[PDB]
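So the structure is just underneath, and the comments pick up after that.
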Amino acid sequence: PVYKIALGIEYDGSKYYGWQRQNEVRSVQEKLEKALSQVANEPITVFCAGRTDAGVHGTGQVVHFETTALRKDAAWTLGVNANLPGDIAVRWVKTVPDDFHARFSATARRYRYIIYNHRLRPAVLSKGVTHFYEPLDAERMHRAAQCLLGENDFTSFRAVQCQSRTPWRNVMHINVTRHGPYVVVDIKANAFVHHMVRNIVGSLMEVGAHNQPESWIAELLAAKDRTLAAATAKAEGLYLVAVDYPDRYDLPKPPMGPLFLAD
Amino acid sequence: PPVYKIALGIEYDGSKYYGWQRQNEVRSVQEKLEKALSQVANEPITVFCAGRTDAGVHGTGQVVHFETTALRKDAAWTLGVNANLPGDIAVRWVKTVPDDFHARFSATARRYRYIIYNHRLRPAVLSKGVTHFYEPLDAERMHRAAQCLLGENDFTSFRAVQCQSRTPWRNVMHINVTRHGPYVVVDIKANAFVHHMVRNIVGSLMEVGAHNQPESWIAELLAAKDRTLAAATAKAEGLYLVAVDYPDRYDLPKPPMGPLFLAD
RNA sequence: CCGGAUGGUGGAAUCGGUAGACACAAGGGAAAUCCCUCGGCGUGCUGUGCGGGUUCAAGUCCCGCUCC
Ligand SMILES: [K+]
Ligand SMILES: [K+]
Ligand SMILES: [K+]
Ligand SMILES: [K+]
Ligand SMILES: [K+]
Ligand SMILES: [K+]
């Protein structure tokens with residue numbers, strides 16, 4: 001018998017060279033497979049809903065695999081976790097049909113960017129938040145961002161190493177708010193082009209610091225040029241908070257956080 | 001030569017340090033902090049913290065002071081020192097204070113926050129900054145079973161052996177337990193605390209929360225004046241020295257105590 | 001006149017904080033993905049035209065020299 005299982009993985013990529021399995025470096029996927037394999041007692045290969053670059057964290061990542069071995073729930077949750085490193089962890093298990101597929105079944109991914117806005121660098125979670133010196137204007141930022149909403153040509157916020165096809169994406173919602181000293185950027189789209197978020201954030205920050213007009217983000221978008229927008233934003237601050245899947249699969253959706261961040 | 005009494009608001013992540021207490025043998029927050037301060041003042045510097053934390057415990061409201069004959073502009077102590085500090089340690093603010101100031105002795109009351117990730121499966125993000133407690137906690141029940149420690153009591157049951165205070169008596173300003181999504185936070189403020197006082201109150205408070213003991217237990221323990229009766233000391237990675245109290249005359253800056261996104 | 005002269009190329013570095021972010025190449029190993037290297041030395045040092053200086057700290061300031 002083949003069993004298609006879906007796991008909700010969570011992690012802290014600060015100590016990993018990303019998710020993708022590199023035969024020469026540390027990858028969340030690798031550590032995750034080693035464990036799953038020990039439980040199923042057979043070589044296991046997983047498929048994630050969205051690979052994160054080296055540095056980016058995850059709290060809503062979703063993966064699936066097929067094992068011939070039958071393990072009770074705890075085996076996949078409490079079990080795998082017992083084999084996983086402290087930074088990586090399983091949030092929930094759920095057997096799914098054959099028509100499910102972490103990546104291809106995903107209707108839209110969602111990210112959150114954590115910006116610690118203070119003159120002096122942070123200490124706690126120094127690898128989990130991006131530190132931005134210049135005073136940000138959450139208000140102004142949010143406004144200068146609604147122009148990216150909908151379907152547009154994110155070429156200006158694209159990448160040259162983008163292995164995807166058409167640079168067109170559909171943004172469900174992009175909001176920027178401030179939590180005390182923090183500034184958070186929540187963005188949801190059907191998908192994103194290489195470094196799309198870290199780029200939108202980069203240019204959004206310049207605006208926030210009043211180094212550019214609100215109209216700049218819009219001018220960039222239509223500029224269809226990358227060498228016009230700000231430089232890619234730091235990684236340590238990006239969190240893959242949540243992925244969208246058809247309600248028919250009935251996958252559990254726990255708080256996306258990160259941490260104390262309201263859902 | 002002029003002597004300058006300076007007060008720094010230090011913040012850090014003790015996950016990688018054997019505590020604050022400078023030890024000529026291991027990594028201590030205080031040591032790394034002094035090395036830096038010294039490079040700035042270009043003279044051996046010795047600091048005094050408002051409350052030493054044990055190996056593991058973090059800090060976001062810690063306050064220290066020192067005296068240097070060297071005159072450095074503000075940035076030198078803030079942006080400067082930080083530039084010499086490790087990434088986990090950091091200065092939050094500088095402030096020259098009078099001679100009658102003293103981080104420890106001037107402190108009117110310290111304050112802590114305990115972060116409990118209440119979920120069957122262990123956390124990944126901040127795995128060293130939050131305490132993972134398997135059994136389902138009852139924030140409500142916990143808070144209630146705690147108000148009995150409020151005020152001045154004999155915290156012998158929540159004390160320790162390696163304790164140096166000549167008296168295990170303390171005055172609790174307030175102890176509250178709330179739940180943030182999967183988290184359970186315990187905020188406690190007192191004039192001072194006896195060795196492992198907080199981690200102990202939390203330990204026994206958790207047993208109650210998990211319904212392994214009655215709300216009346218915390219109270220029975222307190223009056224029991226016995227330690228071998230209460231729960232075992234709670235984990236360290238979850239304790240944060242969020243804030244210290246000082247006379248308003250000193251006018252020290254009081255930024256958000258957090259940790260992180262935690263409302264002030 | 002004043003503002004610049006930093007990597008192979010752009011292009012950064014909080015009204016002195018401890019280089020080269022970021023982007024785009026190149027080269028090598030495991031059409032493209034990916035690791036590491038890509039100032040000079042080598043057997044970590046000195047290096048932000050060039051020596052000298054001040055400062056705990058200099059690309060970041062004071063002085064003499066070359067060119068926009
Ligand atoms: K630094
Ligand atoms: K430098
Ligand atoms: K530098
Ligand atoms: K010098
Ligand atoms: K120079
Ligand atoms: K000069």
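The chains in the structure tokens are called A, B, ... from first to last as shown; in each chain the residues are counted from 1, and the ligands are counted from 1 in the order shown.
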Return as a PyMOL selection string every polymer residue, whether protein, DNA or RNA, with at least one atom no more than 8 Å from an atom of ligand 5; count only C-alpha atoms (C1' of nucleotides) and all ligand atoms.
chain C and resi 48+59-60
Go ahead and dump the residues you just picked, C-alpha atoms (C1' of nucleotides), as a PDB file, in the first residue's frame.
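Done, and the output landed in result-v4.pdb:
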```pdb
ATOM      1  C1'   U C  48      38.829  52.246   0.242  1.00  0.00           C
ATOM      2  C1'   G C  59      36.837  55.208   3.236  1.00  0.00           C
ATOM      3  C1'   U C  60      34.430  58.894   6.519  1.00  0.00           C
TER       4        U C  60
END
```
Could you work out which residues of chain B fall inside 12 Å of chain C? Count only C-alpha atoms (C1' of nucleotides), and format the result as an mmCIF file with N, CA and C atoms, in the first residue's frame.
```cif
data_model
loop_
_atom_site.group_PDB
_atom_site.id
_atom_site.type_symbol
_atom_site.label_atom_id
_atom_site.label_comp_id
_atom_site.auth_asym_id
_atom_site.auth_seq_id
_atom_site.Cartn_x
_atom_site.Cartn_y
_atom_site.Cartn_z
ATOM 1 N N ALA B 36 33.812 45.230 25.094
ATOM 2 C CA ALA B 36 33.392 46.296 24.209
ATOM 3 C C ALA B 36 33.513 47.658 24.872
ATOM 4 N N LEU B 37 32.761 47.853 25.950
ATOM 5 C CA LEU B 37 32.792 49.121 26.676
ATOM 6 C C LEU B 37 34.226 49.569 26.896
ATOM 7 N N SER B 38 35.078 48.627 27.246
ATOM 8 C CA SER B 38 36.456 48.984 27.460
ATOM 9 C C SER B 38 37.122 49.527 26.195
ATOM 10 N N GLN B 39 36.935 48.859 25.062
ATOM 11 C CA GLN B 39 37.526 49.346 23.829
ATOM 12 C C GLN B 39 37.079 50.763 23.545
ATOM 13 N N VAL B 40 35.822 51.082 23.826
ATOM 14 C CA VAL B 40 35.389 52.432 23.560
ATOM 15 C C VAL B 40 36.094 53.400 24.480
ATOM 16 N N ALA B 41 35.931 53.190 25.778
ATOM 17 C CA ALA B 41 36.560 54.068 26.756
ATOM 18 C C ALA B 41 38.069 53.927 26.732
ATOM 19 N N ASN B 42 38.546 52.974 25.953
ATOM 20 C CA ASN B 42 39.972 52.747 25.900
ATOM 21 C C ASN B 42 40.603 52.610 27.290
ATOM 22 N N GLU B 43 39.872 52.020 28.231
ATOM 23 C CA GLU B 43 40.387 51.787 29.584
ATOM 24 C C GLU B 43 39.623 50.613 30.182
ATOM 25 N N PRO B 44 40.251 49.827 31.072
ATOM 26 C CA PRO B 44 39.541 48.691 31.665
ATOM 27 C C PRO B 44 38.270 49.208 32.290
ATOM 28 N N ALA B 70 37.214 58.465 30.618
ATOM 29 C CA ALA B 70 37.132 58.848 29.213
ATOM 30 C C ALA B 70 35.764 59.388 28.838
ATOM 31 N N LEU B 71 35.764 60.451 28.040
ATOM 32 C CA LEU B 71 34.548 61.106 27.591
ATOM 33 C C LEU B 71 34.217 60.738 26.156
ATOM 34 N N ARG B 72 33.163 59.957 25.957
ATOM 35 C CA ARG B 72 32.775 59.546 24.616
ATOM 36 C C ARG B 72 31.404 60.110 24.341
ATOM 37 N N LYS B 73 31.136 60.540 23.112
ATOM 38 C CA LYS B 73 29.806 61.082 22.860
ATOM 39 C C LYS B 73 28.774 59.950 22.892
ATOM 40 N N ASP B 74 27.499 60.300 22.963
ATOM 41 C CA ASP B 74 26.485 59.275 23.040
ATOM 42 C C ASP B 74 26.725 58.119 22.108
ATOM 43 N N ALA B 75 26.753 58.371 20.798
ATOM 44 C CA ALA B 75 26.946 57.300 19.804
ATOM 45 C C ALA B 75 28.028 56.296 20.149
ATOM 46 N N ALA B 76 29.079 56.782 20.790
ATOM 47 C CA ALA B 76 30.193 55.934 21.163
ATOM 48 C C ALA B 76 29.779 54.788 22.063
ATOM 49 N N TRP B 77 28.841 55.064 22.955
ATOM 50 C CA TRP B 77 28.372 54.063 23.897
ATOM 51 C C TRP B 77 27.293 53.207 23.289
ATOM 52 N N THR B 78 26.455 53.799 22.454
ATOM 53 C CA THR B 78 25.399 53.037 21.837
ATOM 54 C C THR B 78 25.922 52.402 20.572
ATOM 55 N N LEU B 79 25.880 53.136 19.465
ATOM 56 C CA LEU B 79 26.357 52.593 18.192
ATOM 57 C C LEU B 79 27.753 51.999 18.341
ATOM 58 N N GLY B 80 28.573 52.624 19.174
ATOM 59 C CA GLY B 80 29.936 52.152 19.339
ATOM 60 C C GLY B 80 30.047 50.774 19.952
ATOM 61 N N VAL B 81 29.725 50.700 21.235
ATOM 62 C CA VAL B 81 29.776 49.445 21.964
ATOM 63 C C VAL B 81 29.129 48.321 21.153
ATOM 64 N N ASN B 82 27.922 48.576 20.654
ATOM 65 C CA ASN B 82 27.217 47.589 19.875
ATOM 66 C C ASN B 82 28.094 47.057 18.779
ATOM 67 N N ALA B 83 28.828 47.951 18.133
ATOM 68 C CA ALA B 83 29.698 47.546 17.043
ATOM 69 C C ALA B 83 30.770 46.608 17.546
ATOM 70 N N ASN B 84 30.954 46.558 18.852
ATOM 71 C CA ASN B 84 31.970 45.674 19.388
ATOM 72 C C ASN B 84 31.375 44.479 20.074
ATOM 73 N N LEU B 85 30.069 44.545 20.294
ATOM 74 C CA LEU B 85 29.364 43.444 20.929
ATOM 75 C C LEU B 85 28.987 42.346 19.938
#
```
Please provide as a VMD selection string all residues within 12 Å of residue 216 of chain B, with the sequence filter that same-chain residues fewer than 5 positions apart are discarded (counting only C-alpha atoms (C1' of nucleotides)).
chain B and resid 141 to 149 204 to 205 207 to 209 211 221 to 223
Keeping only N, CA, C and O atoms, write the selected residues to a file as a tab-separated table (two decimals), in the first residue's frame.
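Dumped everything to result_18.tsv:
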```
chain	number	residue	atom	x	y	z
B	141	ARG	N	-7.12	29.06	34.93
B	141	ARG	CA	-6.88	28.37	36.19
B	141	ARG	C	-5.55	28.75	36.83
B	141	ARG	O	-5.47	28.94	38.04
B	142	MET	N	-4.51	28.86	36.02
B	142	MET	CA	-3.17	29.21	36.50
B	142	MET	C	-3.16	30.57	37.17
B	142	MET	O	-2.68	30.72	38.28
B	143	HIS	N	-3.68	31.57	36.47
B	143	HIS	CA	-3.71	32.91	37.01
B	143	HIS	C	-4.34	32.94	38.38
B	143	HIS	O	-3.81	33.56	39.29
B	144	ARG	N	-5.48	32.28	38.51
B	144	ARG	CA	-6.19	32.23	39.78
B	144	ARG	C	-5.32	31.60	40.85
B	144	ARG	O	-5.11	32.17	41.91
B	145	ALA	N	-4.80	30.41	40.57
B	145	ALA	CA	-3.97	29.70	41.54
B	145	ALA	C	-2.66	30.40	41.83
B	145	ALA	O	-1.76	29.84	42.46
B	146	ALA	N	-2.52	31.63	41.36
B	146	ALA	CA	-1.26	32.33	41.59
B	146	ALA	C	-1.41	33.55	42.47
B	146	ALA	O	-0.47	33.93	43.16
B	147	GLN	N	-2.59	34.15	42.45
B	147	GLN	CA	-2.81	35.35	43.23
B	147	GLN	C	-2.56	35.17	44.72
B	147	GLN	O	-2.59	36.13	45.48
B	148	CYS	N	-2.28	33.95	45.14
B	148	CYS	CA	-2.03	33.71	46.56
B	148	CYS	C	-0.59	34.04	46.94
B	148	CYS	O	-0.25	34.13	48.12
B	149	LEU	N	0.25	34.20	45.92
B	149	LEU	CA	1.66	34.53	46.14
B	149	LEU	C	1.85	36.05	46.17
B	149	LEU	O	2.91	36.56	46.55
B	204	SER	N	5.56	24.91	39.43
B	204	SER	CA	4.37	24.48	40.13
B	204	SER	C	3.11	25.07	39.50
B	204	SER	O	2.06	24.44	39.51
B	205	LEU	N	3.21	26.26	38.94
B	205	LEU	CA	2.03	26.84	38.31
B	205	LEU	C	1.62	26.01	37.11
B	205	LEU	O	0.44	25.92	36.77
B	207	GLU	N	1.97	22.68	36.70
B	207	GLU	CA	1.30	21.46	37.13
B	207	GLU	C	-0.16	21.75	37.38
B	207	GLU	O	-1.03	20.95	37.05
B	208	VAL	N	-0.42	22.90	37.97
B	208	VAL	CA	-1.79	23.29	38.23
B	208	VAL	C	-2.52	23.46	36.91
B	208	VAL	O	-3.59	22.89	36.70
B	209	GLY	N	-1.92	24.25	36.02
B	209	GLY	CA	-2.53	24.50	34.73
B	209	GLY	C	-2.90	23.25	33.97
B	209	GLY	O	-3.90	23.23	33.25
B	211	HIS	N	-3.90	20.68	35.26
B	211	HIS	CA	-4.87	19.98	36.08
B	211	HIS	C	-4.29	18.76	36.75
B	211	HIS	O	-4.96	17.75	36.90
B	221	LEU	N	1.40	25.00	48.98
B	221	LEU	CA	2.85	24.95	48.90
B	221	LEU	C	3.46	26.13	49.62
B	221	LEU	O	4.34	25.98	50.47
B	222	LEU	N	3.00	27.31	49.27
B	222	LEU	CA	3.50	28.53	49.85
B	222	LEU	C	3.59	28.45	51.36
B	222	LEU	O	4.63	28.75	51.94
B	223	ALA	N	2.49	28.06	51.99
B	223	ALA	CA	2.42	27.95	53.44
B	223	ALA	C	3.19	26.74	53.95
B	223	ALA	O	3.55	26.67	55.12
```
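The space between atom CA of residue 21 of chain A and atom CA of residue 61 of chain A spans 15.6 Å.
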Proximal residues of chain C relative to chain A (only C-alpha atoms (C1' of nucleotides); 9 Å) as a VMD selection string:
chain C and resid 14 21 to 24 30 33 to 35
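Ranking B:246, B:93, B:155, B:193 by their shortest atom-to-atom distance to chain A, with only C-alpha atoms included, puts B:93 first.
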Please find the residues of chain A near chain B - the criterion being any atom within 8 Å, counting only C-alpha atoms - and write them as a PDB file with N, CA, C and O atoms, in the first residue's frame.
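Result saved to result.pdb:
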```
ATOM      1  N   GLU A  10       7.573  23.461  10.138  1.00  0.00           N
ATOM      2  CA  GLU A  10       7.879  24.797  10.691  1.00  0.00           C
ATOM      3  C   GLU A  10       9.371  24.823  10.946  1.00  0.00           C
ATOM      4  O   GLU A  10       9.930  23.806  11.315  1.00  0.00           O
ATOM      5  N   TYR A  11      10.032  25.955  10.753  1.00  0.00           N
ATOM      6  CA  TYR A  11      11.471  25.970  10.999  1.00  0.00           C
ATOM      7  C   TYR A  11      12.127  27.325  11.105  1.00  0.00           C
ATOM      8  O   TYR A  11      11.492  28.351  10.916  1.00  0.00           O
ATOM      9  N   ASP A  12      13.419  27.303  11.418  1.00  0.00           N
ATOM     10  CA  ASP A  12      14.225  28.509  11.561  1.00  0.00           C
ATOM     11  C   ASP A  12      15.460  28.384  10.665  1.00  0.00           C
ATOM     12  O   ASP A  12      16.523  27.926  11.099  1.00  0.00           O
ATOM     13  N   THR A  77       4.278  12.834  13.805  1.00  0.00           N
ATOM     14  CA  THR A  77       4.402  14.075  14.530  1.00  0.00           C
ATOM     15  C   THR A  77       5.456  13.915  15.609  1.00  0.00           C
ATOM     16  O   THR A  77       6.628  14.212  15.376  1.00  0.00           O
ATOM     17  N   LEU A  78       5.056  13.430  16.777  1.00  0.00           N
ATOM     18  CA  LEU A  78       6.009  13.242  17.872  1.00  0.00           C
ATOM     19  C   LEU A  78       7.236  12.468  17.416  1.00  0.00           C
ATOM     20  O   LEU A  78       8.338  12.715  17.892  1.00  0.00           O
ATOM     21  N   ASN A  81       9.627  14.576  14.765  1.00  0.00           N
ATOM     22  CA  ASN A  81      10.162  15.648  15.569  1.00  0.00           C
ATOM     23  C   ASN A  81      11.301  15.170  16.447  1.00  0.00           C
ATOM     24  O   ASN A  81      12.318  15.841  16.598  1.00  0.00           O
ATOM     25  N   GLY A  86      16.535  20.826  16.515  1.00  0.00           N
ATOM     26  CA  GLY A  86      15.697  21.750  17.259  1.00  0.00           C
ATOM     27  C   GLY A  86      15.083  22.887  16.468  1.00  0.00           C
ATOM     28  O   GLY A  86      13.997  23.358  16.790  1.00  0.00           O
ATOM     29  N   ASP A  87      15.779  23.351  15.444  1.00  0.00           N
ATOM     30  CA  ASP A  87      15.261  24.442  14.631  1.00  0.00           C
ATOM     31  C   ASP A  87      14.151  24.008  13.670  1.00  0.00           C
ATOM     32  O   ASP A  87      13.334  24.819  13.259  1.00  0.00           O
ATOM     33  N   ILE A  88      14.130  22.737  13.291  1.00  0.00           N
ATOM     34  CA  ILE A  88      13.088  22.267  12.399  1.00  0.00           C
ATOM     35  C   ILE A  88      12.043  21.502  13.203  1.00  0.00           C
ATOM     36  O   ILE A  88      12.385  20.839  14.175  1.00  0.00           O
ATOM     37  N   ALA A  89      10.778  21.562  12.803  1.00  0.00           N
ATOM     38  CA  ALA A  89       9.771  20.842  13.557  1.00  0.00           C
ATOM     39  C   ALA A  89       8.493  20.615  12.776  1.00  0.00           C
ATOM     40  O   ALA A  89       8.128  21.401  11.902  1.00  0.00           O
ATOM     41  N   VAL A  90       7.805  19.527  13.098  1.00  0.00           N
ATOM     42  CA  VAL A  90       6.553  19.196  12.434  1.00  0.00           C
ATOM     43  C   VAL A  90       5.382  19.775  13.229  1.00  0.00           C
ATOM     44  O   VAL A  90       5.336  19.633  14.447  1.00  0.00           O
ATOM     45  N   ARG A  91       4.442  20.430  12.551  1.00  0.00           N
ATOM     46  CA  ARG A  91       3.297  21.000  13.257  1.00  0.00           C
ATOM     47  C   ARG A  91       2.052  20.114  13.208  1.00  0.00           C
ATOM     48  O   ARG A  91       1.217  20.158  14.116  1.00  0.00           O
ATOM     49  N   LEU A 120      19.274  51.253  16.930  1.00  0.00           N
ATOM     50  CA  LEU A 120      20.225  50.250  17.413  1.00  0.00           C
ATOM     51  C   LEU A 120      19.745  48.847  17.087  1.00  0.00           C
ATOM     52  O   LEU A 120      18.557  48.553  17.210  1.00  0.00           O
ATOM     53  N   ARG A 121      20.667  47.978  16.681  1.00  0.00           N
ATOM     54  CA  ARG A 121      20.296  46.615  16.298  1.00  0.00           C
ATOM     55  C   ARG A 121      19.668  45.810  17.412  1.00  0.00           C
ATOM     56  O   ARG A 121      19.929  46.045  18.578  1.00  0.00           O
ATOM     57  N   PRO A 122      18.818  44.844  17.055  1.00  0.00           N
ATOM     58  CA  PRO A 122      18.157  44.004  18.052  1.00  0.00           C
ATOM     59  C   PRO A 122      19.078  42.892  18.485  1.00  0.00           C
ATOM     60  O   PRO A 122      20.082  42.615  17.831  1.00  0.00           O
ATOM     61  N   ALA A 123      18.730  42.253  19.591  1.00  0.00           N
ATOM     62  CA  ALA A 123      19.537  41.164  20.114  1.00  0.00           C
ATOM     63  C   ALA A 123      18.775  39.855  20.084  1.00  0.00           C
ATOM     64  O   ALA A 123      19.265  38.835  19.578  1.00  0.00           O
ATOM     65  N   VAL A 124      17.575  39.892  20.652  1.00  0.00           N
ATOM     66  CA  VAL A 124      16.706  38.723  20.688  1.00  0.00           C
ATOM     67  C   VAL A 124      16.130  38.461  19.310  1.00  0.00           C
ATOM     68  O   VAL A 124      15.441  39.317  18.771  1.00  0.00           O
ATOM     69  N   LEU A 125      16.411  37.291  18.746  1.00  0.00           N
ATOM     70  CA  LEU A 125      15.899  36.938  17.431  1.00  0.00           C
ATOM     71  C   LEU A 125      16.649  37.745  16.396  1.00  0.00           C
ATOM     72  O   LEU A 125      16.114  38.068  15.344  1.00  0.00           O
ATOM     73  N   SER A 126      17.900  38.059  16.700  1.00  0.00           N
ATOM     74  CA  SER A 126      18.731  38.829  15.793  1.00  0.00           C
ATOM     75  C   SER A 126      18.841  38.208  14.393  1.00  0.00           C
ATOM     76  O   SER A 126      19.307  38.850  13.452  1.00  0.00           O
ATOM     77  N   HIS A 179       4.119  47.223  14.693  1.00  0.00           N
ATOM     78  CA  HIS A 179       3.929  46.654  15.996  1.00  0.00           C
ATOM     79  C   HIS A 179       5.065  47.207  16.804  1.00  0.00           C
ATOM     80  O   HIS A 179       6.220  46.791  16.653  1.00  0.00           O
ATOM     81  N   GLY A 180       4.724  48.176  17.640  1.00  0.00           N
ATOM     82  CA  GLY A 180       5.712  48.815  18.471  1.00  0.00           C
ATOM     83  C   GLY A 180       6.878  49.245  17.616  1.00  0.00           C
ATOM     84  O   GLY A 180       6.727  50.067  16.714  1.00  0.00           O
ATOM     85  N   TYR A 182       8.413  47.297  15.648  1.00  0.00           N
ATOM     86  CA  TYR A 182       8.410  46.501  14.449  1.00  0.00           C
ATOM     87  C   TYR A 182       7.507  47.025  13.352  1.00  0.00           C
ATOM     88  O   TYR A 182       6.583  47.803  13.591  1.00  0.00           O
ATOM     89  N   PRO A 255      -2.195  28.754  13.824  1.00  0.00           N
ATOM     90  CA  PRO A 255      -1.721  30.135  13.726  1.00  0.00           C
ATOM     91  C   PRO A 255      -0.431  30.244  12.934  1.00  0.00           C
ATOM     92  O   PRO A 255       0.512  29.481  13.152  1.00  0.00           O
ATOM     93  N   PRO A 258       4.686  34.736  12.672  1.00  0.00           N
ATOM     94  CA  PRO A 258       5.536  34.052  13.645  1.00  0.00           C
ATOM     95  C   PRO A 258       5.368  34.522  15.079  1.00  0.00           C
ATOM     96  O   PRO A 258       4.990  35.664  15.326  1.00  0.00           O
ATOM     97  N   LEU A 259       5.656  33.624  16.018  1.00  0.00           N
ATOM     98  CA  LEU A 259       5.565  33.916  17.447  1.00  0.00           C
ATOM     99  C   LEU A 259       4.277  34.585  17.885  1.00  0.00           C
ATOM    100  O   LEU A 259       3.186  34.150  17.523  1.00  0.00           O
ATOM    101  N   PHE A 260       4.413  35.652  18.662  1.00  0.00           N
ATOM    102  CA  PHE A 260       3.268  36.386  19.190  1.00  0.00           C
ATOM    103  C   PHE A 260       2.441  37.161  18.160  1.00  0.00           C
ATOM    104  O   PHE A 260       1.380  37.691  18.493  1.00  0.00           O
ATOM    105  N   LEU A 261       2.907  37.239  16.918  1.00  0.00           N
ATOM    106  CA  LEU A 261       2.152  37.960  15.896  1.00  0.00           C
ATOM    107  C   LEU A 261       0.736  37.426  15.739  1.00  0.00           C
ATOM    108  O   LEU A 261       0.547  36.243  15.468  1.00  0.00           O
ATOM    109  N   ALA A 262      -0.250  38.297  15.914  1.00  0.00           N
ATOM    110  CA  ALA A 262      -1.644  37.903  15.785  1.00  0.00           C
ATOM    111  C   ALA A 262      -1.890  37.237  14.442  1.00  0.00           C
ATOM    112  O   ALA A 262      -1.239  37.555  13.443  1.00  0.00           O
TER     113      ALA A 262
END
```
Need to verify the contact set: residue 25 of chain C, 12 Å, only C-alpha atoms (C1' of nucleotides), exclusion of same-chain residues closer than 2 positions in sequence. Can you return it as a PyMOL selection string?
chain C and resi 8-10+23+27+38
Would you mind exporting the chosen residues as a PDB file, in the first residue's frame, restricted to N, CA, C and O atoms (P, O5', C5', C4', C3', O3' and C1' of nucleotides)?
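Writing done, so here's selection-v5.pdb:
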```
ATOM      1  P     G C   8      39.182  44.447  -9.994  1.00  0.00           P
ATOM      2  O5'   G C   8      38.996  43.306 -11.079  1.00  0.00           O
ATOM      3  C5'   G C   8      39.303  43.558 -12.426  1.00  0.00           C
ATOM      4  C4'   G C   8      38.033  43.629 -13.217  1.00  0.00           C
ATOM      5  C3'   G C   8      37.004  44.606 -12.676  1.00  0.00           C
ATOM      6  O3'   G C   8      37.238  45.918 -13.161  1.00  0.00           O
ATOM      7  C1'   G C   8      35.971  42.562 -13.237  1.00  0.00           C
ATOM      8  P     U C   9      36.499  47.163 -12.471  1.00  0.00           P
ATOM      9  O5'   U C   9      35.030  47.131 -13.069  1.00  0.00           O
ATOM     10  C5'   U C   9      34.824  47.483 -14.429  1.00  0.00           C
ATOM     11  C4'   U C   9      33.372  47.361 -14.781  1.00  0.00           C
ATOM     12  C3'   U C   9      32.488  48.198 -13.886  1.00  0.00           C
ATOM     13  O3'   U C   9      32.456  49.494 -14.417  1.00  0.00           O
ATOM     14  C1'   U C   9      31.598  46.038 -14.040  1.00  0.00           C
ATOM     15  P     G C  10      32.320  50.733 -13.437  1.00  0.00           P
ATOM     16  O5'   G C  10      30.790  51.140 -13.612  1.00  0.00           O
ATOM     17  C5'   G C  10      30.013  51.601 -12.523  1.00  0.00           C
ATOM     18  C4'   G C  10      28.668  50.905 -12.527  1.00  0.00           C
ATOM     19  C3'   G C  10      27.780  51.218 -11.351  1.00  0.00           C
ATOM     20  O3'   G C  10      27.052  52.365 -11.705  1.00  0.00           O
ATOM     21  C1'   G C  10      27.806  48.883 -11.719  1.00  0.00           C
ATOM     22  P     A C  23      21.291  40.515  -4.569  1.00  0.00           P
ATOM     23  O5'   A C  23      21.540  41.149  -6.003  1.00  0.00           O
ATOM     24  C5'   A C  23      20.539  41.924  -6.612  1.00  0.00           C
ATOM     25  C4'   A C  23      21.131  42.707  -7.757  1.00  0.00           C
ATOM     26  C3'   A C  23      21.851  41.918  -8.822  1.00  0.00           C
ATOM     27  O3'   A C  23      20.901  41.322  -9.693  1.00  0.00           O
ATOM     28  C1'   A C  23      23.128  43.813  -8.277  1.00  0.00           C
ATOM     29  P     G C  27      34.008  31.820 -17.619  1.00  0.00           P
ATOM     30  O5'   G C  27      34.982  31.284 -16.500  1.00  0.00           O
ATOM     31  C5'   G C  27      36.379  31.500 -16.618  1.00  0.00           C
ATOM     32  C4'   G C  27      37.038  31.110 -15.338  1.00  0.00           C
ATOM     33  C3'   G C  27      36.667  29.699 -14.964  1.00  0.00           C
ATOM     34  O3'   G C  27      37.516  28.797 -15.613  1.00  0.00           O
ATOM     35  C1'   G C  27      36.363  31.072 -13.101  1.00  0.00           C
ATOM     36  P     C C  38      38.401  35.491  -2.614  1.00  0.00           P
ATOM     37  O5'   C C  38      38.339  36.070  -4.089  1.00  0.00           O
ATOM     38  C5'   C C  38      39.513  36.093  -4.872  1.00  0.00           C
ATOM     39  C4'   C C  38      39.184  36.513  -6.274  1.00  0.00           C
ATOM     40  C3'   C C  38      38.492  37.853  -6.438  1.00  0.00           C
ATOM     41  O3'   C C  38      39.399  38.934  -6.337  1.00  0.00           O
ATOM     42  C1'   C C  38      37.424  36.264  -7.772  1.00  0.00           C
TER      43        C C  38
END
```
For a test of reading the model, state the distance in Å between atom CA of residue 178 of chain A and atom CA of residue 56 of chain A, rounded to one decimal.
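Value for the atom CA of residue 178 of chain A-atom CA of residue 56 of chain A distance: 20.7 Å.
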Residues of chain C at most 9 Å from ligand 6: nearest atom pair and distance in Å, only C-alpha atoms (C1' of nucleotides) and all ligand atoms, as JSON lines:
```
{"residue": "C:58", "atom": "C1'", "partner": "ligand 6", "partner_atom_place_in_ligand_line": "1 (K)", "distance": 8.1}
{"residue": "C:60", "atom": "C1'", "partner": "ligand 6", "partner_atom_place_in_ligand_line": "1 (K)", "distance": 8.4}
{"residue": "C:61", "atom": "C1'", "partner": "ligand 6", "partner_atom_place_in_ligand_line": "1 (K)", "distance": 6.0}
{"residue": "C:62", "atom": "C1'", "partner": "ligand 6", "partner_atom_place_in_ligand_line": "1 (K)", "distance": 7.0}
{"residue": "C:63", "atom": "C1'", "partner": "ligand 6", "partner_atom_place_in_ligand_line": "1 (K)", "distance": 8.6}
```
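The space separating atom CA of residue 61 of chain B from atom CA of residue 185 of chain B comes to 16.7 Å.
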